[PDB]
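J.: Okay, here's the structure, questions in a sec.
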Amino acid sequence: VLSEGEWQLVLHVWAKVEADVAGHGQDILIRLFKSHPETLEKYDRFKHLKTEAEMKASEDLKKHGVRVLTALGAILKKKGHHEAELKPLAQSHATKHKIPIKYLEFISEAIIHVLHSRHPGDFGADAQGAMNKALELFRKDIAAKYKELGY
Ligand code: HEM
């Protein structure tokens with residue numbers, strides 16, 4: 001569980017992401033694709049992009065990153081009480097996009113990577129631990145929803 005204090009560490013650094021949602025989204029997606037090229041291959045809409053220059057030039061990829069971080073921001077602001085936000089996400093990702101649960105672990109690592117790179121002053125050991133726990137709770141609730149939907 002996170003304490004209220006730990007939720008504040010999470011929402012404090014998230015307010016730094018919210019200063020530049022689009023730029024953070026691009027850095028996280030590019031990090032994910034570089035770390036785990038199987039993830040890009042699974043994105044029919046984006047799999048054409050072959051290089052980092054092409055990825056940073058894609059307005060579609062940029063708008064997608066904004067959707068992702070907007071949805072995740074709304075989830076984190078619920079401080080674990082995200083059942084309602086998770087339902088449509090689990091539904092689309094299990095049954096429509098067919099995203100393997102492991103990919104949610106990979107994007108969590110990519111989020112930690114970018115937060116650390118851009119906000120080290122707001123991402124000390126306690127803030128890193130709090131964000132890891134918040135994303136782990138998210139991933140595990142999605143995993144349980146995946147299984148409930150038969151995926
Ligand atoms: C924090 C984790 C995630 C959040 C909050 C998130 C959120 C979203 C949202 C809000 C959309 C548009 C609405 C919808 O279809 O549900 C979406 C679409 C999609 N997402 Fe995720 N998502 C994440 C994890 C992933 C991962 C790990 C991948 C890697 C393949 C992924 C790829 C998919 C794809 C392929 C679409 C459709 C994009 C398109 O072609 O328009 N997402 N996501």
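Ligands are numbered from 1 in the order shown, residues from 1 within each chain, and chains are lettered A, B, ... in the order they appear in the structure tokens.
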Which residues are near ligand 1 - at most 9 Å, using only C-alpha atoms and all ligand atoms? Format: as a VMD selection string.

T.: chain A and resid 29 32 to 33 38 to 46 60 to 61 64 to 75 86 88 to 93 96 to 108 111 135 138 to 139

J.: Can you pull out every residue from range 32-143 of chain A that DSSP, working from the backbone, puts in helix (DSSP H, G or I), and format the result as a compact mmCIF listing (two decimals) with N, CA, C and O atoms, in the first residue's frame?

T.:
# COMPACT_ATOMS: atom_id res chain seq x y z
N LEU A 32 10.38 2.88 -24.51
CA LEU A 32 9.69 1.57 -24.60
C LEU A 32 10.09 0.84 -25.88
O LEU A 32 10.47 -0.34 -25.81
N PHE A 33 9.99 1.51 -27.02
CA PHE A 33 10.25 0.91 -28.35
C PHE A 33 11.72 0.48 -28.45
O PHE A 33 12.01 -0.62 -28.99
N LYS A 34 12.62 1.32 -27.96
CA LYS A 34 14.08 1.05 -27.99
C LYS A 34 14.40 -0.14 -27.09
O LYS A 34 15.12 -1.03 -27.53
N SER A 35 13.87 -0.13 -25.87
CA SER A 35 14.10 -1.20 -24.86
C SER A 35 13.46 -2.51 -25.29
O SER A 35 14.04 -3.58 -24.99
N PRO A 37 11.63 -3.69 -28.69
CA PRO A 37 11.13 -3.56 -30.06
C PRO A 37 9.91 -4.43 -30.37
O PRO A 37 9.19 -4.08 -31.26
N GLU A 38 9.65 -5.51 -29.63
CA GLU A 38 8.39 -6.28 -29.81
C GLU A 38 7.17 -5.37 -29.57
O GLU A 38 6.11 -5.60 -30.20
N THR A 39 7.29 -4.33 -28.73
CA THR A 39 6.13 -3.45 -28.37
C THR A 39 5.69 -2.62 -29.58
O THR A 39 4.47 -2.50 -29.84
N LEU A 40 6.66 -2.05 -30.28
CA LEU A 40 6.39 -1.27 -31.52
C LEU A 40 5.73 -2.18 -32.56
O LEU A 40 4.74 -1.78 -33.18
N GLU A 41 6.25 -3.40 -32.73
CA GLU A 41 5.76 -4.37 -33.73
C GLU A 41 4.27 -4.67 -33.48
O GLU A 41 3.56 -4.96 -34.43
N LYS A 42 3.82 -4.57 -32.24
CA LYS A 42 2.42 -4.88 -31.83
C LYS A 42 1.52 -3.69 -32.16
O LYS A 42 0.32 -3.87 -32.13
N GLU A 52 14.20 6.87 -34.53
CA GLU A 52 13.87 7.81 -33.42
C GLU A 52 13.48 9.17 -34.01
O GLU A 52 12.53 9.78 -33.48
N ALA A 53 14.16 9.63 -35.06
CA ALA A 53 13.81 10.90 -35.75
C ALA A 53 12.37 10.79 -36.25
O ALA A 53 11.58 11.72 -36.01
N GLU A 54 12.04 9.68 -36.90
CA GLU A 54 10.67 9.45 -37.44
C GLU A 54 9.68 9.44 -36.28
O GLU A 54 8.63 10.05 -36.42
N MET A 55 10.03 8.79 -35.16
CA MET A 55 9.16 8.72 -33.95
C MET A 55 8.92 10.13 -33.38
O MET A 55 7.77 10.47 -33.11
N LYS A 56 9.96 10.94 -33.21
CA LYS A 56 9.79 12.32 -32.67
C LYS A 56 9.02 13.20 -33.66
O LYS A 56 8.33 14.13 -33.20
N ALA A 57 9.12 12.93 -34.97
CA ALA A 57 8.39 13.70 -36.01
C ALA A 57 6.90 13.31 -36.09
O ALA A 57 6.13 14.10 -36.63
N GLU A 59 3.27 13.22 -35.32
CA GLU A 59 2.19 13.87 -34.55
C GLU A 59 1.22 12.81 -34.01
O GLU A 59 0.60 13.04 -32.98
N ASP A 60 1.02 11.72 -34.76
CA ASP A 60 0.11 10.63 -34.33
C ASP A 60 0.70 9.99 -33.07
O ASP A 60 -0.04 9.80 -32.08
N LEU A 61 1.98 9.68 -33.09
CA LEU A 61 2.65 9.06 -31.93
C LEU A 61 2.58 10.04 -30.77
O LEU A 61 2.27 9.60 -29.68
N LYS A 62 2.77 11.33 -31.04
CA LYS A 62 2.74 12.39 -29.99
C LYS A 62 1.36 12.44 -29.34
O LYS A 62 1.28 12.49 -28.08
N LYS A 63 0.30 12.45 -30.16
CA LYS A 63 -1.09 12.53 -29.67
C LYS A 63 -1.41 11.25 -28.87
O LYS A 63 -2.10 11.35 -27.83
N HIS A 64 -0.89 10.10 -29.29
CA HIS A 64 -1.07 8.79 -28.61
C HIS A 64 -0.44 8.85 -27.20
O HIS A 64 -1.10 8.48 -26.23
N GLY A 65 0.81 9.30 -27.11
CA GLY A 65 1.50 9.55 -25.84
C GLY A 65 0.70 10.43 -24.91
O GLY A 65 0.66 10.13 -23.70
N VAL A 66 0.05 11.47 -25.43
CA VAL A 66 -0.79 12.39 -24.61
C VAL A 66 -2.00 11.62 -24.05
O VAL A 66 -2.28 11.74 -22.87
N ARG A 67 -2.65 10.80 -24.87
CA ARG A 67 -3.78 9.95 -24.42
C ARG A 67 -3.29 9.02 -23.32
O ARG A 67 -3.96 8.93 -22.31
N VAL A 68 -2.15 8.36 -23.52
CA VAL A 68 -1.62 7.38 -22.55
C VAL A 68 -1.38 8.07 -21.21
O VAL A 68 -1.86 7.57 -20.20
N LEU A 69 -0.64 9.16 -21.20
CA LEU A 69 -0.25 9.84 -19.95
C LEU A 69 -1.46 10.50 -19.31
O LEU A 69 -1.51 10.54 -18.07
N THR A 70 -2.43 10.96 -20.09
CA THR A 70 -3.68 11.54 -19.55
C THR A 70 -4.45 10.45 -18.79
O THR A 70 -4.92 10.73 -17.66
N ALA A 71 -4.60 9.27 -19.39
CA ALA A 71 -5.34 8.15 -18.77
C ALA A 71 -4.60 7.72 -17.50
O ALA A 71 -5.25 7.55 -16.47
N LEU A 72 -3.27 7.63 -17.56
CA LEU A 72 -2.47 7.17 -16.41
C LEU A 72 -2.53 8.23 -15.30
O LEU A 72 -2.64 7.85 -14.12
N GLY A 73 -2.47 9.51 -15.65
CA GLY A 73 -2.59 10.60 -14.66
C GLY A 73 -3.88 10.52 -13.88
O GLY A 73 -3.85 10.61 -12.64
N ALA A 74 -5.00 10.32 -14.57
CA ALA A 74 -6.34 10.19 -13.95
C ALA A 74 -6.33 8.98 -13.00
O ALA A 74 -6.79 9.10 -11.82
N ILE A 75 -5.76 7.86 -13.44
CA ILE A 75 -5.60 6.65 -12.57
C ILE A 75 -4.79 7.01 -11.31
O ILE A 75 -5.25 6.70 -10.21
N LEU A 76 -3.60 7.60 -11.44
CA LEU A 76 -2.72 7.89 -10.27
C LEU A 76 -3.42 8.84 -9.30
O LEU A 76 -3.23 8.66 -8.07
N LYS A 77 -4.20 9.80 -9.81
CA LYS A 77 -4.89 10.80 -8.95
C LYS A 77 -5.97 10.13 -8.10
O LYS A 77 -6.32 10.70 -7.05
N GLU A 83 -10.78 1.55 -9.95
CA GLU A 83 -11.57 0.42 -10.53
C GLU A 83 -12.31 0.92 -11.77
O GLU A 83 -12.25 0.28 -12.83
N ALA A 84 -12.98 2.07 -11.67
CA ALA A 84 -13.83 2.62 -12.75
C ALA A 84 -12.98 3.01 -13.96
O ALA A 84 -13.39 2.69 -15.10
N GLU A 85 -11.81 3.63 -13.74
CA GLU A 85 -10.88 4.04 -14.83
C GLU A 85 -10.27 2.81 -15.49
O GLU A 85 -10.05 2.84 -16.70
N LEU A 86 -9.98 1.77 -14.72
CA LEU A 86 -9.32 0.53 -15.22
C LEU A 86 -10.24 -0.28 -16.12
O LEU A 86 -9.71 -0.99 -16.98
N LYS A 87 -11.55 -0.23 -15.90
CA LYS A 87 -12.50 -1.12 -16.62
C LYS A 87 -12.38 -0.93 -18.13
O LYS A 87 -12.15 -1.89 -18.85
N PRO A 88 -12.56 0.29 -18.69
CA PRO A 88 -12.49 0.45 -20.15
C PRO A 88 -11.07 0.20 -20.69
O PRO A 88 -10.94 -0.33 -21.80
N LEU A 89 -10.05 0.51 -19.89
CA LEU A 89 -8.63 0.26 -20.28
C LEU A 89 -8.36 -1.24 -20.41
O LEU A 89 -7.78 -1.67 -21.42
N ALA A 90 -8.75 -2.03 -19.41
CA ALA A 90 -8.58 -3.49 -19.45
C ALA A 90 -9.35 -4.04 -20.64
O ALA A 90 -8.82 -4.89 -21.37
N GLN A 91 -10.57 -3.54 -20.83
CA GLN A 91 -11.45 -4.01 -21.93
C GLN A 91 -10.75 -3.81 -23.28
O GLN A 91 -10.73 -4.76 -24.07
N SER A 92 -10.28 -2.60 -23.56
CA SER A 92 -9.65 -2.29 -24.87
C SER A 92 -8.34 -3.07 -25.00
O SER A 92 -8.08 -3.62 -26.09
N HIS A 93 -7.52 -3.10 -23.95
CA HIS A 93 -6.13 -3.63 -24.06
C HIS A 93 -6.14 -5.16 -24.13
O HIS A 93 -5.31 -5.71 -24.87
N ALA A 94 -7.04 -5.82 -23.41
CA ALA A 94 -7.22 -7.29 -23.46
C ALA A 94 -7.85 -7.70 -24.79
O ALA A 94 -7.28 -8.58 -25.45
N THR A 95 -8.99 -7.10 -25.16
CA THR A 95 -9.91 -7.70 -26.16
C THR A 95 -9.72 -7.07 -27.54
O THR A 95 -10.01 -7.78 -28.49
N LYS A 96 -9.27 -5.81 -27.62
CA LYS A 96 -9.15 -5.09 -28.92
C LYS A 96 -7.67 -5.02 -29.33
O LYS A 96 -7.32 -5.64 -30.35
N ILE A 101 0.28 -8.58 -20.81
CA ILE A 101 0.40 -7.91 -19.49
C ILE A 101 1.83 -7.44 -19.28
O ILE A 101 2.02 -6.34 -18.71
N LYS A 102 2.80 -8.25 -19.69
CA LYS A 102 4.24 -7.94 -19.50
C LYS A 102 4.54 -6.53 -20.06
O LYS A 102 5.47 -5.88 -19.53
N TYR A 103 3.90 -6.14 -21.16
CA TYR A 103 4.15 -4.83 -21.82
C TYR A 103 3.85 -3.71 -20.83
O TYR A 103 4.49 -2.64 -20.91
N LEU A 104 2.92 -3.94 -19.89
CA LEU A 104 2.62 -2.89 -18.88
C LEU A 104 3.77 -2.70 -17.90
O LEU A 104 4.03 -1.55 -17.47
N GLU A 105 4.46 -3.79 -17.57
CA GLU A 105 5.73 -3.74 -16.81
C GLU A 105 6.76 -2.93 -17.60
O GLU A 105 7.36 -2.00 -17.04
N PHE A 106 6.94 -3.24 -18.88
CA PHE A 106 7.93 -2.50 -19.72
C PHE A 106 7.62 -1.00 -19.75
O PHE A 106 8.56 -0.20 -19.65
N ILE A 107 6.35 -0.61 -19.89
CA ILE A 107 6.07 0.85 -19.99
C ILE A 107 6.30 1.47 -18.61
O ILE A 107 6.74 2.62 -18.59
N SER A 108 6.05 0.74 -17.52
CA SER A 108 6.30 1.24 -16.15
C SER A 108 7.80 1.56 -16.00
O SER A 108 8.13 2.65 -15.48
N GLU A 109 8.66 0.66 -16.48
CA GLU A 109 10.13 0.89 -16.45
C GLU A 109 10.48 2.14 -17.28
O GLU A 109 11.34 2.94 -16.85
N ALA A 110 9.84 2.29 -18.44
CA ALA A 110 10.12 3.41 -19.36
C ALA A 110 9.71 4.73 -18.69
O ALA A 110 10.43 5.74 -18.82
N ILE A 111 8.58 4.72 -17.96
CA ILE A 111 8.10 5.90 -17.19
C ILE A 111 9.13 6.24 -16.10
O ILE A 111 9.48 7.42 -16.00
N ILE A 112 9.61 5.25 -15.35
CA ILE A 112 10.63 5.47 -14.28
C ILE A 112 11.88 6.05 -14.94
O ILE A 112 12.46 6.98 -14.38
N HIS A 113 12.29 5.51 -16.08
CA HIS A 113 13.52 5.94 -16.80
C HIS A 113 13.42 7.44 -17.12
O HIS A 113 14.36 8.17 -16.83
N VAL A 114 12.30 7.85 -17.70
CA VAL A 114 12.11 9.24 -18.20
C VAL A 114 11.98 10.18 -17.00
O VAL A 114 12.61 11.24 -17.05
N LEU A 115 11.21 9.81 -15.97
CA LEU A 115 11.01 10.64 -14.75
C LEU A 115 12.37 10.93 -14.11
O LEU A 115 12.62 12.07 -13.73
N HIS A 116 13.21 9.91 -14.01
CA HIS A 116 14.55 10.01 -13.40
C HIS A 116 15.44 10.93 -14.24
O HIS A 116 16.15 11.78 -13.64
N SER A 117 15.39 10.76 -15.56
CA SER A 117 16.18 11.55 -16.52
C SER A 117 15.78 13.03 -16.48
O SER A 117 16.67 13.90 -16.59
N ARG A 118 14.49 13.35 -16.37
CA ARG A 118 14.00 14.74 -16.55
C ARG A 118 13.79 15.42 -15.20
O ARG A 118 13.79 16.64 -15.19
N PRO A 120 15.33 14.50 -11.71
CA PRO A 120 16.08 13.83 -10.64
C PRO A 120 15.85 14.53 -9.29
O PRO A 120 15.72 13.84 -8.29
N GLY A 121 15.72 15.85 -9.30
CA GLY A 121 15.48 16.67 -8.10
C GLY A 121 14.16 16.32 -7.43
O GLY A 121 13.99 16.61 -6.25
N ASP A 122 13.21 15.75 -8.17
CA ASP A 122 11.88 15.41 -7.64
C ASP A 122 11.68 13.91 -7.68
O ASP A 122 10.54 13.47 -7.47
N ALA A 125 15.01 8.39 -3.91
CA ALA A 125 14.72 6.97 -3.60
C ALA A 125 13.26 6.81 -3.13
O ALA A 125 12.61 5.87 -3.61
N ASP A 126 12.75 7.68 -2.26
CA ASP A 126 11.36 7.52 -1.74
C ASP A 126 10.35 7.75 -2.88
O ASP A 126 9.38 7.01 -2.95
N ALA A 127 10.59 8.73 -3.74
CA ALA A 127 9.66 9.10 -4.83
C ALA A 127 9.68 7.97 -5.88
O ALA A 127 8.58 7.60 -6.34
N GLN A 128 10.86 7.41 -6.15
CA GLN A 128 11.04 6.27 -7.09
C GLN A 128 10.27 5.07 -6.54
O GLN A 128 9.57 4.40 -7.32
N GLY A 129 10.43 4.79 -5.24
CA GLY A 129 9.74 3.66 -4.58
C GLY A 129 8.23 3.83 -4.65
O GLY A 129 7.52 2.86 -4.96
N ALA A 130 7.74 5.03 -4.37
CA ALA A 130 6.30 5.35 -4.37
C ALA A 130 5.74 5.16 -5.80
O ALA A 130 4.69 4.49 -5.94
N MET A 131 6.45 5.65 -6.81
CA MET A 131 5.99 5.54 -8.22
C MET A 131 6.02 4.07 -8.65
O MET A 131 5.08 3.62 -9.31
N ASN A 132 7.05 3.33 -8.27
CA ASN A 132 7.13 1.89 -8.55
C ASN A 132 5.92 1.18 -7.93
O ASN A 132 5.34 0.31 -8.60
N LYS A 133 5.56 1.51 -6.70
CA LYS A 133 4.43 0.83 -6.01
C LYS A 133 3.13 1.24 -6.69
O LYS A 133 2.26 0.36 -6.85
N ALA A 134 2.98 2.50 -7.08
CA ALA A 134 1.73 2.98 -7.71
C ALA A 134 1.53 2.28 -9.07
O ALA A 134 0.43 1.82 -9.37
N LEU A 135 2.58 2.17 -9.87
CA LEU A 135 2.50 1.50 -11.18
C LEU A 135 2.31 0.00 -10.98
O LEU A 135 1.57 -0.60 -11.79
N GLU A 136 2.91 -0.59 -9.94
CA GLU A 136 2.79 -2.04 -9.72
C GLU A 136 1.33 -2.35 -9.36
O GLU A 136 0.79 -3.36 -9.84
N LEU A 137 0.71 -1.51 -8.52
CA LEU A 137 -0.71 -1.71 -8.11
C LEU A 137 -1.59 -1.65 -9.37
O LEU A 137 -2.46 -2.55 -9.53
N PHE A 138 -1.36 -0.66 -10.21
CA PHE A 138 -2.07 -0.47 -11.50
C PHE A 138 -1.95 -1.75 -12.34
O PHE A 138 -3.00 -2.30 -12.72
N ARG A 139 -0.73 -2.22 -12.59
CA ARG A 139 -0.41 -3.39 -13.44
C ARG A 139 -1.09 -4.64 -12.89
O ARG A 139 -1.58 -5.45 -13.69
N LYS A 140 -1.04 -4.83 -11.58
CA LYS A 140 -1.58 -6.05 -10.96
C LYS A 140 -3.10 -6.00 -11.05
O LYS A 140 -3.68 -7.04 -11.27
N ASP A 141 -3.73 -4.85 -10.88
CA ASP A 141 -5.21 -4.74 -11.00
C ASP A 141 -5.61 -5.03 -12.46
O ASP A 141 -6.60 -5.75 -12.66
N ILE A 142 -4.86 -4.52 -13.43
CA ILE A 142 -5.11 -4.78 -14.88
C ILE A 142 -4.95 -6.29 -15.15
O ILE A 142 -5.80 -6.84 -15.87
N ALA A 143 -3.88 -6.91 -14.64
CA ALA A 143 -3.64 -8.36 -14.80
C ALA A 143 -4.85 -9.15 -14.31
O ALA A 143 -5.25 -10.12 -15.02

J.: One number please: CA of residue 31 in chain A to CA of residue 5 in chain A, in Å, one decimal.

T.: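 CA of residue 5 in chain A lies at a distance of 28.8 Å from CA of residue 31 in chain A.
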
J.: When you draw a straight line from CA of residue 144 in chain A to CA of residue 82 in chain A, how long is it in Å?

T.: 13.4 Å

J.: Quick check, in Å to one decimal: how far apart do CA of residue 17 in chain A and CA of residue 81 in chain A lie?

T.: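 Going from CA of residue 17 in chain A over to CA of residue 81 in chain A covers 21.1 Å.
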